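This document starts with one chain, in the form solved without the named molecule, laid out as structure tokens.
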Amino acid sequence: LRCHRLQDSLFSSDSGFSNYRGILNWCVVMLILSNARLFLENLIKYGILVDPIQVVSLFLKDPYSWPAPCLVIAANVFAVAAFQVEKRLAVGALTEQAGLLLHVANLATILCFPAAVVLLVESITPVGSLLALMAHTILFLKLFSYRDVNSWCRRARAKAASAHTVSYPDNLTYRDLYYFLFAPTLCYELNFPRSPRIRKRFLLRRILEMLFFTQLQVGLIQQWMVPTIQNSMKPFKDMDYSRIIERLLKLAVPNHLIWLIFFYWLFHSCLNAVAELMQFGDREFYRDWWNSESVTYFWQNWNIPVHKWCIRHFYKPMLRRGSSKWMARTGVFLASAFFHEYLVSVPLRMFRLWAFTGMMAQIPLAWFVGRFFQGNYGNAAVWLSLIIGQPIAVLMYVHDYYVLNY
């Protein structure tokens, strides 16, 4: 025919190729080539330990100590309490007002009890504090969705009474609830999709990814960031804006890499390992936030579980139960900022209100990046907005907690 068309190079902006799966395999190949010797070393050196049954027996030796696993186990009380008020109002008792009050009390207690235990106890590690508060905020969102879905499938039955798949009143079983609580999702649903089998190879690869990226994050921190912080061990709350920026410029890129590894290690490897153990089959925990040419598209695709919980339990109901789309969006912003400063600042016992100010500054930044940049330049603007952006607030919190202790 004609050996020469009129086209564009694949790497060009106006080409629209977008088939770069292989820039991922390249990053995997290079991470492995660079960390595989050390990973086999640390795996034989740490995997040879007797961790599994010794740490559990040690914790069982002194309950009421190690208050973070104590909190995580006590969360079952709130789980069972929600299940009880549900299964009790499922038949005859607790007219909707009473059940809604019991559930609101249970939810507010899920939120305010672990915060209290964390603040009013000195023997609780901050990483364990964070695990307790994150488990309890996950449980809070899960039980909020539980209440909402059961209320819906109960109003529907009450209506239709005067006109394989499990119907409404037959899903209130401890098996069901405690499968939902460990499901990689925040939106309750009768008849979750299911995977055919367990795929031992997939689960093994997920566990390997978790171990590898854990060791990689440890490398990143201990060899790029802890040295840089220890060069000038001065808290951010006392430094000035100039010195703060001079230090954050040195700390940003390692912090960004650590956050990318958190995202992968958690929203792909950990959540897929969980969803594979208990066959879950949905497995859309994230969407392509990396090719997000705006901050608004970034937030709507980072953390798909939380976002769809938001959109169908906190934003759509506000539009229904009221008006002012603007007020719904600002309420979503408020809730997200509250949960961020509650996850980052209650474990570290700080309240400098930095995560909140960063979450705020995301707004003018979002308008800026949405208005000025487009396409791949907008995507690069979003990548900048993530390198400094919000993760720098969490970095400031952790930097202050590091230099104020060791």
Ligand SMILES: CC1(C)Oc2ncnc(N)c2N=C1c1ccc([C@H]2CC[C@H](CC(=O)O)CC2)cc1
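Counting begins at 1, following the sequence as shown.
One more form of this protein exists, namely the form solved in complex with the named molecule; it is left out here, but the text below deals with it.
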query: All of 147, 166 and 172 with a heavy atom within 4.5 Å of the named molecule in the bound PDB entry; finding: no
query: In the bound PDB entry, the one of 83, 236, 140, 315 near the named molecule [non-hydrogen atom within 4.5 angstroms]; finding: 315
query: Residue among 302, 113, 78, 280 with a heavy atom within 4.5 Å of the named molecule in the bound PDB entry; finding: 302
query: Stretch from 53-61, 364-372, 66-74, 334-342 whose residues place a heavy atom within 4.5 Å of the named molecule in the bound PDB entry; finding: 334-342
query: Heavy atom of residue 296 within 4.5 Å of the named molecule in the bound PDB entry; finding: yes
query: Partner contact for residue 307 in the bound PDB entry: the named molecule, 4.5 angstroms, heavy atom; finding: yes
query: Any non-hydrogen atom of residue 98 within 4.5 angstroms of the named molecule in the bound PDB entry; finding: no
query: The named molecule contact in the bound PDB entry: residue 350, any heavy atom under 4.5 Å; finding: no
query: Those residues of 346-360 which, in the bound PDB entry, come within 4.5 Å of the named molecule by heavy atom; finding: 359
